Structures are given as C-alpha cells and as structure tokens.
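This document starts with one chain, in the form deposited in one PDB entry, laid out as structure tokens.
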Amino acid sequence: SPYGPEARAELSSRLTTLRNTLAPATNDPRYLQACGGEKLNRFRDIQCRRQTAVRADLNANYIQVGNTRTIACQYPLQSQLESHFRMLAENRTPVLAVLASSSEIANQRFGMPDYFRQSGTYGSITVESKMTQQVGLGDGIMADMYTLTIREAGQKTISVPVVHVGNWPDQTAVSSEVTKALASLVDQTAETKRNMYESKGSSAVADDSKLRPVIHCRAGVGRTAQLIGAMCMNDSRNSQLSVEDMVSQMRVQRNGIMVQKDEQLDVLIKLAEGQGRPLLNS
C-alpha cells in the first residue's frame, strides 16, 4: 500500500538516515557559526544551514520546498531582536507566523522575548504591536493576530501581519484539520500583504529572497516544519512533490531535525494521503 505501515516505515527509515547525516559536527562547514562567543543558536544542536542563512547573526533559513518559498527560524534571542526586526523589515514580510505557546513566551527561564505582542524600542528600532483579530482553528486551537509596525530613523516604515497560535504545545502535532486551517490562514494573510506591496509597485516583488512568509516557534524545527509542510501542500504548483521530497528539502535547507516528532510527520502523511500525494520517491 502507498500509505500502509510498510511505506510509512520506509519513509521514516530514509528520513532518519538523513537526520543523522545532517547532524552538526563541531565547526561544521555546512552550518552557520557563532562569532566571538556570543550565542547564536538557542539550542546547541539545532543549527542553521550556512548556505541558506538569512543573516550572519541569526539562526534563520531561506527555505524552498517545491515552489513554496519561506523563511524558517528559531525564536530570536533577546540580543538578536534588533537584527531580527531588521530581517523582518528588509524582507517586507507578508506574514509572521509564530507557533510558540504563550506559556513558553511567559516563562522567563526560556529567554523568549514578547517581541510581537508588546510595543517597545530595540536599539535604534521602535516597534508597535496592534492586536487585530482572533480566529479559531478547531479543537480549541486559537490564532491571535497582530500588526507589527517597525520604525527606524531613515528607514522605510514597515508593518507586518502576525499570526500567533499561542496554545500549540511544543513537540506535539495539532490535527490535520487544524493544520490545514492554519496553513490556509497564513497563506491568505500573506497573499493580502504581498498584494498590497505589488499594488504599490514595491521593488521587493522582483527579489526572490523577499516577500517570504516567516515561520517559527521556539526552535523552529517542529511546529514550524509541520506548518511549512502543510503550506507547500496547499500550493497549487507543487503537484507530485512527495513527503520524502518535502521533508528532505526542509532538512537540507535548515537542519536535519525539521519535522521533529513522528506525530508531526504523521500529520504531513495524513494530509498527503488526503490529496493522493505520494509518500515515497520511486
């Protein structure tokens, strides 16, 4: 069977070998390295692919699965906020999807700054956070939305649509119904903002490294990967892209953990089967 346990076991096998191969070795050439001793990676073993790094001081990667282009990153460290906001601004971010829970953010032991729900000043950058709408995704999962306006002297003021699922616990997978609802909402939000820039004749439209949806959570390899996978599967241009392709591409473009838990992979499998999308590559 195409979606039978034998097929699932084979997929899991192939991806496991890939994760182990991609594991970062000390001073790994494939991964972005910290500078002068200042922490770059929130987690020592969840690193950032150098070839696709967005900024030299952020754990963040440009990711292209099939035709879907995005940016995946870890929750910025307090010391990276300024550079983080810079990335968001320069990217003309059409949507910022944060899947880190409100509990994680609230726990000061985690060092996850409340940067998109609060207004403040960071270096020479000043940010305002306007709470907008709230959208249920099912099973009680809630999406809180905000408008993040980024201001800096001499720079074009940029406002960013934020989609925050604050009750999706770490290392777990919300149902495929919830995932599809979320991916639809994120893409929809992104399409509205991107359209705005295109109507204004923004030069960012001609730059493939810009206008990308930015997705992340705490480490940016689980809930983040699950959403990205769902998003690429919603792209009407990714016909024939298999789950194997999908997960391997995210892994080679960020790190080998992308799609952290089996439960998260299962959701991607389920969505694939729903569309008749192949799991393995022949």
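In case it trips you up, residue 1 is the first one in the sequence shown, and so on.
Same protein, other form: the form solved in complex with a partner chain, not shown, and the subject of what follows.
Proximity to the partner chain in the entry with it bound, defined as a heavy atom within 4.5 Å, singles out one entry of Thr126, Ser129, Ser79, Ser202, which is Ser202. In the entry with it bound, the partner chain lies within 4.5 Å of some heavy atom of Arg92. Proximity of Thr157 to the partner chain in the entry with it bound falls within the 4.5 Å heavy atom cutoff.
Among heavy atoms of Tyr122, none comes within 4.5 Å of the partner chain in the entry with it bound. Shown alone, this chain has one stretch from 79-87, 93-101, 157-165, 112-120 that lies within 4.5 Å of the partner chain in the entry with it bound by heavy atoms: 157-165.
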